[PDB]
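Structure below is work_1.cif: mmCIF, C-alpha atoms.
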data_start
#
loop_
_atom_site.group_PDB
_atom_site.id
_atom_site.type_symbol
_atom_site.label_atom_id
_atom_site.label_comp_id
_atom_site.auth_asym_id
_atom_site.auth_seq_id
_atom_site.Cartn_x
_atom_site.Cartn_y
_atom_site.Cartn_z
ATOM 1 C CA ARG A 2 23.453 -18.251 20.678
ATOM 2 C CA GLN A 3 25.324 -15.067 21.494
ATOM 3 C CA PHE A 4 25.658 -12.119 19.125
ATOM 4 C CA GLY A 5 28.960 -11.641 17.320
ATOM 5 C CA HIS A 6 30.510 -15.055 16.622
ATOM 6 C CA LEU A 7 28.159 -16.107 13.867
ATOM 7 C CA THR A 8 30.307 -16.028 10.748
ATOM 8 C CA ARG A 9 33.195 -14.355 8.949
ATOM 9 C CA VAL A 10 32.424 -11.667 6.361
ATOM 10 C CA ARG A 11 34.841 -9.499 4.368
ATOM 11 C CA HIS A 12 34.355 -7.314 1.315
ATOM 12 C CA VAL A 13 30.929 -5.891 2.264
ATOM 13 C CA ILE A 14 29.812 -2.265 2.587
ATOM 14 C CA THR A 15 26.306 -1.756 3.955
ATOM 15 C CA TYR A 16 24.855 1.702 3.496
ATOM 16 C CA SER A 17 21.730 2.657 5.365
ATOM 17 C CA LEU A 18 19.877 5.877 6.144
ATOM 18 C CA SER A 19 18.170 7.159 9.304
ATOM 19 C CA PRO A 20 14.432 6.625 9.854
ATOM 20 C CA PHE A 21 13.700 10.313 10.183
ATOM 21 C CA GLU A 22 15.068 11.830 7.004
ATOM 22 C CA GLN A 23 13.322 9.230 4.881
ATOM 23 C CA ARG A 24 9.576 9.099 4.595
ATOM 24 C CA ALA A 25 6.972 6.643 5.808
ATOM 25 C CA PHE A 26 5.488 5.151 2.623
ATOM 26 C CA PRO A 27 7.647 5.780 -0.450
ATOM 27 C CA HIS A 28 5.502 5.275 -3.588
ATOM 28 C CA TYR A 29 3.007 3.172 -1.665
ATOM 29 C CA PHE A 30 0.237 3.219 -4.258
ATOM 30 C CA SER A 31 2.777 3.271 -7.044
ATOM 31 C CA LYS A 32 4.986 0.275 -6.490
ATOM 32 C CA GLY A 33 3.326 -1.727 -3.730
ATOM 33 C CA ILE A 34 0.271 -2.446 -5.851
ATOM 34 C CA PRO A 35 2.260 -3.981 -8.762
ATOM 35 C CA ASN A 36 4.266 -5.654 -6.018
ATOM 36 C CA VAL A 37 1.254 -7.446 -4.580
ATOM 37 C CA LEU A 38 -0.042 -8.329 -8.035
ATOM 38 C CA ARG A 39 3.286 -9.911 -8.929
ATOM 39 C CA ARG A 40 3.205 -11.861 -5.645
ATOM 40 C CA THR A 41 -0.265 -13.117 -6.528
ATOM 41 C CA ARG A 42 1.016 -14.153 -9.960
ATOM 42 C CA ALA A 43 3.682 -16.305 -8.338
ATOM 43 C CA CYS A 44 1.264 -18.519 -6.401
ATOM 44 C CA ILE A 45 -2.304 -18.962 -7.618
ATOM 45 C CA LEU A 46 -1.521 -21.463 -10.395
ATOM 46 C CA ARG A 47 -0.438 -23.859 -7.653
ATOM 47 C CA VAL A 48 -2.774 -22.597 -4.936
ATOM 48 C CA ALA A 49 -6.211 -22.637 -6.618
ATOM 49 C CA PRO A 50 -6.432 -26.189 -8.234
ATOM 50 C CA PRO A 51 -6.786 -27.660 -4.778
ATOM 51 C CA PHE A 52 -9.464 -25.186 -3.745
ATOM 52 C CA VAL A 53 -11.692 -25.198 -6.817
ATOM 53 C CA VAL A 54 -11.579 -29.007 -6.926
ATOM 54 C CA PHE A 55 -12.646 -28.969 -3.284
ATOM 55 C CA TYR A 56 -15.383 -26.560 -4.259
ATOM 56 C CA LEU A 57 -16.822 -28.664 -7.055
ATOM 57 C CA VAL A 58 -16.721 -31.723 -4.815
ATOM 58 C CA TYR A 59 -18.587 -29.678 -2.197
ATOM 59 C CA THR A 60 -21.320 -28.722 -4.674
ATOM 60 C CA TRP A 61 -21.551 -32.297 -5.910
ATOM 61 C CA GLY A 62 -21.734 -33.578 -2.342
ATOM 62 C CA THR A 63 -24.668 -31.355 -1.444
ATOM 63 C CA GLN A 64 -26.161 -32.310 -4.809
ATOM 64 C CA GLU A 65 -25.968 -36.033 -4.040
ATOM 65 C CA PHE A 66 -27.372 -35.315 -0.578
ATOM 66 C CA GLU A 67 -30.490 -33.622 -1.905
ATOM 67 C CA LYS A 68 -31.150 -35.870 -4.887
ATOM 68 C CA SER A 69 -30.589 -39.070 -2.900
ATOM 69 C CA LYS A 70 -32.603 -37.992 0.101
ATOM 70 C CA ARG A 71 -35.435 -36.812 -2.171
ATOM 71 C CA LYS A 72 -36.142 -39.824 -4.321
ATOM 72 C CA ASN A 73 -39.350 -39.432 -6.437
ATOM 73 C CA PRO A 74 -40.264 -43.097 -7.123
ATOM 74 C CA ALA A 75 -42.845 -44.446 -9.573
ATOM 75 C CA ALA A 76 -46.043 -45.289 -7.706
ATOM 76 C CA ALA B 180 43.998 22.045 -18.480
ATOM 77 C CA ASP B 181 41.883 21.250 -15.428
ATOM 78 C CA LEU B 182 44.935 21.840 -13.255
ATOM 79 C CA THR B 183 45.408 25.245 -14.863
ATOM 80 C CA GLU B 184 41.722 25.978 -14.324
ATOM 81 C CA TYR B 185 42.024 25.095 -10.632
ATOM 82 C CA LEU B 186 45.222 27.130 -10.302
ATOM 83 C CA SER B 187 43.483 30.015 -12.043
ATOM 84 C CA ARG B 188 40.264 29.877 -10.094
ATOM 85 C CA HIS B 189 41.593 29.379 -6.579
ATOM 86 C CA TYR B 190 45.078 30.902 -6.290
ATOM 87 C CA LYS B 191 43.725 34.415 -6.046
ATOM 88 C CA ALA B 192 45.000 37.437 -4.159
ATOM 89 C CA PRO B 193 42.261 38.593 -1.730
ATOM 90 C CA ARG B 194 41.329 35.281 -0.168
ATOM 91 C CA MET B 195 44.801 34.249 0.961
ATOM 92 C CA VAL B 196 47.036 35.115 3.889
ATOM 93 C CA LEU B 197 50.759 35.630 4.246
ATOM 94 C CA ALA B 198 51.623 35.447 7.929
ATOM 95 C CA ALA B 199 54.895 35.302 9.819
ATOM 96 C CA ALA B 200 55.659 34.478 13.446
ATOM 97 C CA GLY B 201 59.020 34.994 15.080
ATOM 98 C CA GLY B 202 61.641 37.654 15.693
ATOM 99 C CA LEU B 203 60.971 40.050 12.838
ATOM 100 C CA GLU B 204 59.296 43.403 12.417
ATOM 101 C CA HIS B 205 56.149 44.056 10.437
ATOM 102 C CA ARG B 206 57.728 46.710 8.205
ATOM 103 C CA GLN B 207 60.259 44.241 6.817
ATOM 104 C CA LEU B 208 57.536 41.719 6.098
ATOM 105 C CA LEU B 209 55.252 44.316 4.530
ATOM 106 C CA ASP B 210 58.029 45.627 2.308
ATOM 107 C CA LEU B 211 59.087 42.176 1.162
ATOM 108 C CA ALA B 212 55.477 41.250 0.442
ATOM 109 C CA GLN B 213 55.210 44.525 -1.439
ATOM 110 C CA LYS B 214 58.277 43.688 -3.499
ATOM 111 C CA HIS B 215 57.170 40.149 -4.328
ATOM 112 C CA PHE B 216 53.407 39.749 -4.007
ATOM 113 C CA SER B 217 52.721 42.871 -6.029
ATOM 114 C CA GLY B 218 51.564 41.068 -9.128
ATOM 115 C CA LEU B 219 49.791 37.812 -8.440
ATOM 116 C CA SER B 220 46.050 38.284 -9.116
ATOM 117 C CA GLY B 221 42.777 39.958 -8.179
ATOM 118 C CA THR B 222 40.285 39.185 -10.928
ATOM 119 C CA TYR B 223 38.427 36.025 -11.858
ATOM 120 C CA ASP B 224 37.892 34.337 -15.215
ATOM 121 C CA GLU B 225 34.722 36.260 -16.182
ATOM 122 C CA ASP B 226 33.517 36.406 -12.573
ATOM 123 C CA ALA B 227 33.261 32.655 -11.987
ATOM 124 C CA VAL B 228 33.318 33.278 -8.253
ATOM 125 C CA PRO B 229 33.460 30.219 -5.981
ATOM 126 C CA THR B 230 30.942 30.663 -3.197
ATOM 127 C CA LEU B 231 30.145 28.611 -0.113
ATOM 128 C CA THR B 232 26.962 26.600 0.256
ATOM 129 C CA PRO B 233 25.917 25.712 3.814
ATOM 130 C CA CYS B 234 25.289 22.009 3.274
ATOM 131 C CA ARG B 235 23.190 19.425 5.129
ATOM 132 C CA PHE B 236 24.189 16.815 7.708
ATOM 133 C CA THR B 237 22.458 13.553 6.888
ATOM 134 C CA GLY B 238 22.880 11.059 9.705
ATOM 135 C CA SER B 239 23.080 7.437 8.698
ATOM 136 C CA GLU B 240 25.400 4.557 9.030
ATOM 137 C CA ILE B 241 27.847 2.980 6.679
ATOM 138 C CA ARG B 242 29.291 -0.222 8.024
ATOM 139 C CA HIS B 243 32.186 -1.905 6.290
ATOM 140 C CA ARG B 244 32.099 -5.482 7.436
ATOM 141 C CA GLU B 245 35.601 -6.857 6.898
ATOM 142 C CA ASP B 246 36.343 -9.446 9.562
ATOM 143 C CA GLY B 247 39.988 -10.147 8.718
ATOM 144 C CA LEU B 248 41.245 -7.251 10.859
ATOM 145 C CA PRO B 249 42.453 -7.283 14.459
ATOM 146 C CA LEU B 250 40.484 -4.356 15.888
ATOM 147 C CA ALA B 251 37.329 -2.476 14.989
ATOM 148 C CA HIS B 252 36.981 1.268 14.520
ATOM 149 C CA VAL B 253 33.811 3.188 15.260
ATOM 150 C CA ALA B 254 33.235 6.853 14.568
ATOM 151 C CA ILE B 255 30.045 8.396 15.868
ATOM 152 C CA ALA B 256 29.236 11.995 15.012
ATOM 153 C CA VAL B 257 26.549 14.668 15.209
ATOM 154 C CA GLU B 258 26.017 18.226 13.893
ATOM 155 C CA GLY B 259 28.678 20.871 14.009
ATOM 156 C CA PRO B 260 27.739 24.160 15.609
ATOM 157 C CA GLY B 261 29.761 26.369 13.260
ATOM 158 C CA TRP B 262 32.421 28.972 14.024
ATOM 159 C CA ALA B 263 31.343 32.351 15.375
ATOM 160 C CA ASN B 264 28.795 31.125 17.918
ATOM 161 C CA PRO B 265 30.192 30.621 21.456
ATOM 162 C CA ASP B 266 28.674 27.147 21.458
ATOM 163 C CA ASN B 267 31.906 26.298 19.656
ATOM 164 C CA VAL B 268 33.764 27.025 22.899
#
Take the structure in this file and express it as structure tokens.
Amino acid sequence: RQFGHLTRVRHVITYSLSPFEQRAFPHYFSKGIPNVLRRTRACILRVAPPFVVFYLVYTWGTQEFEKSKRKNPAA
Amino acid sequence: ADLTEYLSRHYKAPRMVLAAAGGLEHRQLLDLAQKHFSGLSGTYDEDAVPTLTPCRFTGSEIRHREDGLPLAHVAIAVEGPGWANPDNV
């Protein structure tokens, strides 16, 4: 793949500014923190119900291990 | 009205130059300018004086992607030195 024959684009103006006259972290603790909280909102409903189900099965597995290796009969 | 404001605020006597080049003497030109340009201006509308501001050169790129054209134009530019400095020359 070379660089220049990818597609045909009209009707587009791209503005952009130099790296120097703009700053490093514009409103970093002002917008990036609601940014990451919104990103976490978009996922955890469909990320966590695997992991907590795994977790309860893990607790139950160790539970069955201990209560079925330690038996306490009647004798 | 805005035209008349612009005409009023920028067609003023001291800033502007009448200059001739050719086969003619300075006395003739001075006398004709005395007989015609006596009476244009010299005072602003309540001292609303236009004044220069030495602005700032940003440095950036604007790229207008428009592929239905035969050739591509690039202009690259940096700071201007000014006038009176010899770095001009």
Inset, instruction - Do me a favour and pick out the residues of chain B within 6 Å of chain A, using all atoms listed in the file, as a ChimeraX atom specification. - result: /B:239-246
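Atom pair CA of residue 193 (chain B) / CA of residue 209 (chain B) has a distance of 15.5 Å (rounded to one decimal).
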Inset, instruction - Using all atoms listed in the file, determine which residues lie at most 12 Å from residue 230 (chain B), disregarding the query and same-chain residues fewer than 4 positions distant; provide the list as a list in words. - result: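 Surrounding residues, per the criterion: residues 188, 189, 194 and 226 of chain B.
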Enclose region 184-198 of chain B, meaning all of its atoms listed in the file, in a box aligned along x, y and z, pad it by 4 Å on each side, and list the centre and edge lengths in Å to one decimal, as lines of an AutoDock Vina configuration file.
center_x = 45.9
center_y = 31.8
center_z = -3.2
size_x = 19.4
size_y = 21.5
size_z = 30.3
Legend entry - Counting only C-alpha atoms, the option among B:222, B:237, B:267, B:232 closest to residue 187 (chain B):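 That would be B:222, the residue with the smallest distance to residue 187 (chain B).
Here CA of residue 221 (chain B) and CA of residue 234 (chain B) stand 27.6 Å from one another.
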Legend entry - Hits from the PyMOL selection byres ((chain B and resi 214-216) around 12), listed as a list in words: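 On this input, the PyMOL selection byres ((chain B and resi 214-216) around 12) captures residues 191, 192, 193, 195, 196, 197, 207, 208, 209, 210, 211, 212, 213, 217, 218, 219, 220 and 221 of chain B.
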Legend entry - Straight-line distance linking CA of residue 63 (chain A) with CA of residue 45 (chain A), stated in Å to one decimal: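 Straight-line distance from CA of residue 63 (chain A) to CA of residue 45 (chain A) works out to 26.3 Å.
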Legend entry - Who sits within 12 Å of residue 185 (chain B), all atoms listed in the file, same chain under 6 positions skipped, as JSON, numbers by chain: {"B": [191, 223, 224, 227, 229]}
Completion step: region 56-76 of chain A with N, CA and C atoms as a PDB file, in the frame of the given file:
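Produced file rebuild07.pdb, reproduced below:
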ATOM      1  N   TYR A  56     -14.108 -27.246  -4.170  1.00  0.00           N
ATOM      2  CA  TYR A  56     -15.383 -26.560  -4.259  1.00  0.00           C
ATOM      3  C   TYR A  56     -16.376 -27.339  -5.106  1.00  0.00           C
ATOM      4  N   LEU A  57     -15.915 -27.895  -6.219  1.00  0.00           N
ATOM      5  CA  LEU A  57     -16.822 -28.664  -7.055  1.00  0.00           C
ATOM      6  C   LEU A  57     -17.250 -29.939  -6.358  1.00  0.00           C
ATOM      7  N   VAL A  58     -16.345 -30.548  -5.588  1.00  0.00           N
ATOM      8  CA  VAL A  58     -16.721 -31.723  -4.815  1.00  0.00           C
ATOM      9  C   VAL A  58     -17.714 -31.347  -3.728  1.00  0.00           C
ATOM     10  N   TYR A  59     -17.607 -30.139  -3.176  1.00  0.00           N
ATOM     11  CA  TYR A  59     -18.587 -29.678  -2.197  1.00  0.00           C
ATOM     12  C   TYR A  59     -19.973 -29.506  -2.811  1.00  0.00           C
ATOM     13  N   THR A  60     -20.036 -28.881  -3.991  1.00  0.00           N
ATOM     14  CA  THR A  60     -21.320 -28.722  -4.674  1.00  0.00           C
ATOM     15  C   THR A  60     -21.911 -30.065  -5.046  1.00  0.00           C
ATOM     16  N   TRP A  61     -21.080 -30.968  -5.558  1.00  0.00           N
ATOM     17  CA  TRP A  61     -21.551 -32.297  -5.910  1.00  0.00           C
ATOM     18  C   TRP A  61     -21.979 -33.092  -4.689  1.00  0.00           C
ATOM     19  N   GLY A  62     -21.348 -32.860  -3.541  1.00  0.00           N
ATOM     20  CA  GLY A  62     -21.734 -33.578  -2.342  1.00  0.00           C
ATOM     21  C   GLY A  62     -23.094 -33.149  -1.833  1.00  0.00           C
ATOM     22  N   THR A  63     -23.333 -31.837  -1.795  1.00  0.00           N
ATOM     23  CA  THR A  63     -24.668 -31.355  -1.444  1.00  0.00           C
ATOM     24  C   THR A  63     -25.696 -31.767  -2.491  1.00  0.00           C
ATOM     25  N   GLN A  64     -25.270 -31.867  -3.750  1.00  0.00           N
ATOM     26  CA  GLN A  64     -26.161 -32.310  -4.809  1.00  0.00           C
ATOM     27  C   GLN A  64     -26.592 -33.757  -4.602  1.00  0.00           C
ATOM     28  N   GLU A  65     -25.638 -34.633  -4.275  1.00  0.00           N
ATOM     29  CA  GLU A  65     -25.968 -36.033  -4.040  1.00  0.00           C
ATOM     30  C   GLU A  65     -26.824 -36.180  -2.805  1.00  0.00           C
ATOM     31  N   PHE A  66     -26.561 -35.346  -1.792  1.00  0.00           N
ATOM     32  CA  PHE A  66     -27.372 -35.315  -0.578  1.00  0.00           C
ATOM     33  C   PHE A  66     -28.833 -35.054  -0.902  1.00  0.00           C
ATOM     34  N   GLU A  67     -29.103 -33.983  -1.644  1.00  0.00           N
ATOM     35  CA  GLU A  67     -30.490 -33.622  -1.905  1.00  0.00           C
ATOM     36  C   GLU A  67     -31.159 -34.599  -2.863  1.00  0.00           C
ATOM     37  N   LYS A  68     -30.476 -34.995  -3.938  1.00  0.00           N
ATOM     38  CA  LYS A  68     -31.150 -35.870  -4.887  1.00  0.00           C
ATOM     39  C   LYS A  68     -31.259 -37.305  -4.406  1.00  0.00           C
ATOM     40  N   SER A  69     -30.462 -37.724  -3.425  1.00  0.00           N
ATOM     41  CA  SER A  69     -30.589 -39.070  -2.900  1.00  0.00           C
ATOM     42  C   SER A  69     -31.379 -39.125  -1.609  1.00  0.00           C
ATOM     43  N   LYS A  70     -31.637 -37.987  -0.981  1.00  0.00           N
ATOM     44  CA  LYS A  70     -32.603 -37.992   0.101  1.00  0.00           C
ATOM     45  C   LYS A  70     -34.009 -37.727  -0.416  1.00  0.00           C
ATOM     46  N   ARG A  71     -34.140 -37.062  -1.557  1.00  0.00           N
ATOM     47  CA  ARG A  71     -35.435 -36.812  -2.171  1.00  0.00           C
ATOM     48  C   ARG A  71     -35.502 -37.642  -3.444  1.00  0.00           C
ATOM     49  N   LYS A  72     -36.334 -38.683  -3.432  1.00  0.00           N
ATOM     50  CA  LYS A  72     -36.142 -39.824  -4.321  1.00  0.00           C
ATOM     51  C   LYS A  72     -37.039 -39.825  -5.549  1.00  0.00           C
ATOM     52  N   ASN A  73     -38.315 -39.440  -5.399  1.00  0.00           N
ATOM     53  CA  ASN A  73     -39.350 -39.432  -6.437  1.00  0.00           C
ATOM     54  C   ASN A  73     -39.480 -40.789  -7.128  1.00  0.00           C
ATOM     55  N   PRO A  74     -40.089 -41.790  -6.476  1.00  0.00           N
ATOM     56  CA  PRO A  74     -40.264 -43.097  -7.123  1.00  0.00           C
ATOM     57  C   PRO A  74     -41.355 -43.093  -8.180  1.00  0.00           C
ATOM     58  N   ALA A  75     -41.721 -44.276  -8.660  1.00  0.00           N
ATOM     59  CA  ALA A  75     -42.845 -44.446  -9.573  1.00  0.00           C
ATOM     60  C   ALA A  75     -43.911 -45.273  -8.868  1.00  0.00           C
ATOM     61  N   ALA A  76     -44.967 -44.612  -8.411  1.00  0.00           N
ATOM     62  CA  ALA A  76     -46.043 -45.289  -7.706  1.00  0.00           C
ATOM     63  C   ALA A  76     -47.346 -44.501  -7.811  1.00  0.00           C
TER      64      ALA A  76
END
